[PDB]
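Following: one structure in structure tokens, then a few remarks.
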Amino acid sequence: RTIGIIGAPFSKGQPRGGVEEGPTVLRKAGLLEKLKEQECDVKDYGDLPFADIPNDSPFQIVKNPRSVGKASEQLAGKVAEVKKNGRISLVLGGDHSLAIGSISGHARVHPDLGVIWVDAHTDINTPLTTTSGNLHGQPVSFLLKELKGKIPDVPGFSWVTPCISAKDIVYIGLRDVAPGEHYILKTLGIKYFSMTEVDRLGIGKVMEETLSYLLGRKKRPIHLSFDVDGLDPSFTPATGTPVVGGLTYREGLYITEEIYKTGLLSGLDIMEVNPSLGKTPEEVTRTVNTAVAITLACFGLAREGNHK
Ligand SMILES: N[C@@H](CCCC[B-](O)(O)O)C(=O)O
Ligand SMILES: [Mn+2]
Ligand SMILES: [Mn+2]
């Protein structure tokens with residue numbers, strides 16, 4: 001379970017911009033260092049410099065498409081790289097649009113990967129369903145095979161090619177899903193566990209089924225794209241789109257303690273942490289701390305204890 005820290009200080013996937021200064025708060029909070037206290041082999045590929053694109057006019061109402069499509073394309077090759085090194089890719093990111101390039105490059109080296117998406121939103125808006133233009137709520141849209149042919153030609157993404165099927169992804173923690181997104185959910189038959197199902201089943205059963213839905217016929221690679229807003233705002237408040245009634249600190253730790261234990265963690269994304277959105281000093285450290293703990297759990301830190 002070797003690690004390949006990959007920093008993606010990107011933000012042009014939504015309005016607020018301090019999200020790109022996240023690989024910093026995390027890195028400085030002690031991430032890579034605390035990972036060493038664990039039997040983790042860690043190699044930091046440094047922060048990915050995402051040069052700006054000055055000339056990036058809206059495509060229809062889709063914002064910074066070329067800036068977003070390039071930074072995702074940039075990450076795709078960088079993630080493919082650490083993956084072709086026998087390392088789990090750790091993507092400390094800015095916004096969640098980077099999951100287009102994150103999952104994409106992972107699939108290049110591992111086309112049989114299953115995606116586990118922890119979020120309050122499904123982020124499955126097509127350039128035609130979305131009503132905000134923020135590309136951070138459309139990433140799953142560019143990634144699914146079923147929908148290609150329904151995904152227009154947004155400038156900057158011609159390097160993309162649907163890598164996963166609707167049946168290779170699960171959603172945990174949904175509580176804010178748009179009408180266009182819900183129809184794509186039900187239509188393509190995407191398996192998901194919104195907050196209603198976590199409430200009915202308990203995260204224990206929720207996690208049992210998720211993994212069994214993904215590793216039932218073959219023990220295939222798992223891609224955990226974790227959005228900190230999946231967790232309730234009382235834990236990770238320094239985030240762009242917070243919704244009440246979210247996953248608890250403990251459920252945040254339970255989801256990842258279980259995933260780790262499969263030994264199949266292959267790729268991970270810690271997205272949407274924005275310090276500047278913390279209305280107070282301890283709001284930023286509580287978001288970053290909850291983000292560091294989710295990461296450590298993904299790599300072995302167990303609440304019951306650990307011993308050499
Ligand atoms: N569906 C809204 C919200 C997106 C939420 C994105 B996320 O998961 O990265 O916080 C939009 O399309 O702009
Ligand atoms: Mn998201
Ligand atoms: Mn979200």
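Index from 1, following the sequence.
Crowding of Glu33 atom CD: a count of heavy atoms from other residues, nucleotides or ligands under 6.0 Å exceeding 12. Residue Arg303 qualifies as enclosed at atom CZ: its count of foreign heavy atoms under 6.0 Å is above 12. Shown here is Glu39, whose CD atom has no more than 12 heavy atoms of other residues, nucleotides or ligands within 6.0 Å.
One hydrophobic cluster, built from ILVMFWY side chains closer than 4.5 Å, holds both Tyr213 and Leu201.
Residues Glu21 and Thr24 have side chains that never bring a donor and an acceptor to within less than 3.5 angstrom of each other. Looking at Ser102 and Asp269, their side chains do bring a donor and an acceptor atom within 3.5 Å of each other. Under the 3.5 Å distance criterion, with hydrogens and angles disregarded, no donor-acceptor pair is assigned to the side chains of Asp199 and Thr196. With no hydrogens or angles considered, a side-chain donor-acceptor pair links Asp56 and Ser67 at under 3.5 Å.
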Could you give the side-chain donor-acceptor pairs of residues 140-153 under 3.5 Å, partners two or more places apart or in another chain?
unit_1: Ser141; atom_1: OG; unit_2: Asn125; atom_2: O; d: 2.9
unit_1: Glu146; atom_1: OE1; unit_2: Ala166; atom_2: N; d: 2.9

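Within the 6.0 Å centre-distance limit, the rings of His223 and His106 are counted as a close aromatic pair.
To the nearest 0.5 Å, atoms OH (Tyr249) and OG1 (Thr236) are separated by 10.5 Å.
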Mind running side chain to side chain donor-acceptor pair (under 3.5 Å) on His136 and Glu272 for me, showing each step along the way? CA-CA 9 Å; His136 75 160; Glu272 298 283 36; 2.7 Å; yes

Walk me through whether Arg27 and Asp44 qualify under salt bridge (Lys or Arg N to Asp or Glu O under 4.0 Å). CA-CA 10 Å; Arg27 267 244 193 58; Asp44 180 30; 2.4 Å; yes

Residue pair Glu209, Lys205: steps toward the salt bridge (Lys or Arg N to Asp or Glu O under 4.0 Å) verdict: CA-CA 6 Å; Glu209 296 175 44; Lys205 193 86 172 57; 2.9 Å; yes

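Remark: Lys191 is positioned above the aromatic ring of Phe193, its terminal NZ or CZ atom under 6.0 angstrom from the ring centre and at most 45 degrees off the axis.
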